[PDB]
């Protein structure tokens, strides 16, 4: 019986932990009936002589240990993605290095699925940045990744969102890029709540009309496109899109609010998964993907539905700070020994939010080690003078 006093409404109240941790169990992806990636976070080095809001310092050992944890659970790894703070703390040089190390770890394992974010993030949006400049940016990163034997997740581009004079520029850019990739790609449609500089991507401010342009690209280069990850957090928009998708082009859900419903699917289809939440609830997701693969849909929901409130909390407005809840949860689970983040983002959620995160994590069976989680929460409260 573990109990802790936690902040609610300016005051402090008893919370008794009541969750049964879902036990960590090693698993092979073949036990699943879905293709599931976790977009994995980065562990900062808390001893480096960096300026924390200006430039990052990474703990490689701790960062790579977390990729192995994901591979162990059968989950794939989506590297240097939005969850690894790409474009918002993690520059291209550090992203390229993380990609390089992770690929090398992967080849060291029989069971390591991994795909690497390739984009434009080394290029500043500019009033005279050209389409050619943008193609050069994409191919530069794409070639860098392919040289390390990586499959690509094709990221949305900040410079293109600012240079594009309509839908036709997206068509041309993705036409050259996709005809020049060497292997099937997963296209990433990242919404503005995650990246405000990706405003009106595909050439329209309206998501329903931007969808049209996006669908057109996938039709045009279907063989070169393994899938699309949508991160708009609009569940109706995903369902409508996954039904219009070409033969052999997968729908990877990016919807951390609605993943359980979407992964299980409807009477028309399901979607696969490429989720930042799968990082934070890795053990549970694994256990549930196994149940789903065993046609045991009841246990799938029993395991996953309790995480859903935790997830909605972690990704709540302002949503771009979800990474804080993810790394805080890693810290509670002892996957790292500190709560220091690239960009100094440990501080982007209130204490009240971190305490609520702890309760929802408890009730979702997402605290692997409740006693350790509780001690760590206590150290965090003490630091805040509680």
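Numbering follows the first chain given and starts at 1.
Taking the mean C-alpha B-factor of each stretch as recorded, 6-14 and 19-27 are not equal, and the higher mean is that of 6-14. On average the C-alpha atoms of 28-36 have higher B-factors than those of the other stretch, with 43-51 and 28-36 being the two compared.
Comparing C-alpha B-factors across 221, 96, 107, 313 in the deposited entry, the largest value falls on 221. Of the candidates 306, 248, 119, 89, it is 248 whose Cα B-factor is highest according to the PDB record. In the deposited entry, the Cα temperature factor of residue 79 sits in the bottom third of values across the chain's modelled residues. Per the deposited record, the Cα B-factor of residue 126 falls in the highest third when ranked against the other modelled residues of its chain. Per the deposited record, the Cα B-factor of residue 115 falls in the lowest third when ranked against the other modelled residues of its chain. Among the modelled residues of its chain, residue 85 has a C-alpha B-factor that falls in the lowest third, as given in the PDB entry. Remark: residue 166 belongs to the highest third of its chain, ranked by C-alpha B-factor as recorded.
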